[PDB]
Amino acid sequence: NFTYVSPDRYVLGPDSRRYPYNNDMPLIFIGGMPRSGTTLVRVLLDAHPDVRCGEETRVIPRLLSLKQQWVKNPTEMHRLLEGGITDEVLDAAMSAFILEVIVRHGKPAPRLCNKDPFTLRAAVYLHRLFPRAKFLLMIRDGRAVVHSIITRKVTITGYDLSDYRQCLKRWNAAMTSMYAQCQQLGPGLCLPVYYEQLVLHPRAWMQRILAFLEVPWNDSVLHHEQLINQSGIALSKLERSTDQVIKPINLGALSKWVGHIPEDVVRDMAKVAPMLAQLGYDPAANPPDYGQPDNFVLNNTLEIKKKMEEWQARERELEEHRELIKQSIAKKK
C-alpha cells in the first residue's frame, strides 16, 4: 500500500511559542440553528485564555454543503470513484481545507474552536475528519428562534420571513437532524447546551461545558463583555448577533417571543414543532418556566437597564459601521 505521513504544521505567535496542528487535534465545533445563542457561547469560550473561536467563517459550511451535493448524486458519485476520488481522498482534502481556515483566520490558542451554525448538520462527517474534535450543539426554544429570525429579518435560504408556521416547520426539521447527529456521536463527543439554562445559570453551565471540553475553569468567562471592549475577542461587525453579544449575559431574550406568534400556530404548536416537547420545551406553555435566574444574571440585567443610554450608543455606532460598509458595496458596484 501507499501511506501518507502528514507531520505537524505549526503556528508561531509572538515569542516563538509553537502551535502545531493536524487532523487529530482536539478541535471544538459549535453549531445549531442560527439565533439560538451560538455567538454567545462561542464568545464565552473565547473569553477563556486557552480557547480561541473567532468569527463565523461562512466558507466551512459552504464547502460542506457542496461536498454533500457531490456524493449525494449517484452519477457524480460514480464519476468521482472512477477518477480516483475515494472517500479517503475527499476526506483528506476537505479536512485540510477546513483545518487551514480554523487555524489561520484568528489568533493562535491551545484549543481552537469554530462556530458556523449549520456545521452541526454535518457533525458525524466532521467526526470522521477530526476524530478528537468535540461538538457543542446549541438548543433554544424554537419559538424564540423563529421570532428572532422573523423580527430581525435574518435571511436563511428556504425560510419565508412572512410565515411563522413555515419557519417553525423548518426549525423543527433542522433540529431533528442536528439533534440526531449529536446523539449518533454520543455524550463523549457532543454536548447539547440549552440556551435558556446557560443564560439562567452561567457559572454552572460554563463549568459543565469546560469540563466536557477538558479545559480548566476560569472566571474570565463571566466577564466577556470587558474582553470584547479591548479587542480580546474577535467580532464581525456584519454578523447579526454582534449588537447583543457585546452585553454581559442577561435575561432580556428568553421570552420576547411570547404573544407574537399567530393564534393558529399557538394552537397547532405541538404538531407544527414536535421537537419542542422532545427537547423539554412544553408546546402548550407561553412561555415555559425555563427556571429561576441566578443572582449573577439578575444583577447583570439590572445593570444593563441602568446603562440603557450607553448601550444604545454602542448599538447605533454598530449600525453606523454597518452603514459605511453598505456604502462600500454600492461603490463596489
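Heads up: residue numbers just count along the shown sequence, starting at 1.
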item	value
Mean temperature factor over C-alpha atoms, higher-scoring stretch between 231-239 and 178-186	231-239
132-140 or 167-175, whichever carries the higher mean Cα B-factor	167-175
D116, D91, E225, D219, ranked by C-alpha B-factor: the highest one	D91
Lowest, middle or highest third - CA B-factor, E196	lowest
Cα B factor band for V154 (lowest, middle or highest third within the chain)	highest
Third of chain Cα B-factors occupied by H78	highest
Record-listed C-alpha B factor of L302: chain third	highest
Within-chain third of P110 by Cα B-factor, per the entry	middle
